[PDB]
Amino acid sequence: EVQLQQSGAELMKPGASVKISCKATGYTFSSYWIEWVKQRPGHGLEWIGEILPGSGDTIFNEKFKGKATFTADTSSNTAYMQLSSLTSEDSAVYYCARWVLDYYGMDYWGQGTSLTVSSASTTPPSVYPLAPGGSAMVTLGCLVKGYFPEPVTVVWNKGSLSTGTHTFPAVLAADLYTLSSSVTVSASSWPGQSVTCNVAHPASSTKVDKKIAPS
């Protein structure tokens, strides 16, 4: 039952410092090298370096010598990597992985830790109804624009409408997030009946109910 558990997501400001942990279980932690890897969109995978807990010996990708520091605790069976002077280029998902000598490779990987280095402030979204251009089915929607940070939740008719719902992944539009959700219902239920989307943005603690009305 070999497992490596890493610390949760991090949101840091430029110039700060973060310490990512990697807890091992199911094996003798001091006897295996622990690799650290950086995954940034459009940059595939970079090897930061590695550490052997038993000896404390390390090996760094020269490019990361002044950025990362490796530590380990054979008492708590945990390895850590600290990244200093954070910049936007440090934003990515970091992984620790076990290297086994006789195998000559990395077998078990941690789940990864998402580091977001930003100076953006919490911003509530604007919610706008999406109605058809005025078939057996009809699709209605809601636009959730300009919020930060993720996420937002969208339900229809307070959850009473669940089937036929499509809440899409968000995308960045000028440094803020934009998301949309749609619901497809029988053409006979709308406008016949009411359809309301309920949007919530926990971070800004904002909630908006917008009824979809024929244009």
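Residue numbers run from 1 along the displayed sequence.
Q. Out of 46-54 and 172-180, which stretch has the higher average CA B-factor listed in the record?
A. For C-alpha atoms only, the mean B-factor is higher in 172-180.
Q: Pick between 6-14 and 187-195: the one whose mean CA B-factor in the entry is higher.
A: Mean B over CA atoms: larger for 187-195.
Q) Between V100, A136, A92, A97, which one tops the list for C-alpha B-factor in the PDB entry? A) Reading the PDB entry, the winner on C-alpha B-factor is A136.
Q) Which listed residue, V144, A120, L115, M81, has the largest C-alpha temperature factor in the record? A) Comparing C-alpha B-factors across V144, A120, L115, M81, the maximum falls on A120.
Q. Once the chain's modelled residues are ordered by C-alpha B factor and cut into thirds, is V127 in the lowest, middle or highest one?
A. Lowest third - that is where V127 ends up once the chain's C-alpha B-factors are sorted.
Q. Where does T71 sit by CA temperature factor within its chain: lowest, middle or highest third?
A. Ranked within chain, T71 CA B lands in the lowest tercile.
Q | Chain-wide C-alpha B factor ranking for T25, given as lowest, middle or highest third | A | Middle third - that is where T25 ends up once the chain's C-alpha B-factors are sorted.
Q: State the tercile, meaning the lowest, middle or highest third, of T167 with respect to the CA B-factors recorded for its chain.
A: Middle third by C-alpha B-factor.
Q. Relative to the other modelled residues in the chain, which third contains the C-alpha temperature factor of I34: lowest, middle or highest?
A. It falls in the bottom third of the chain.
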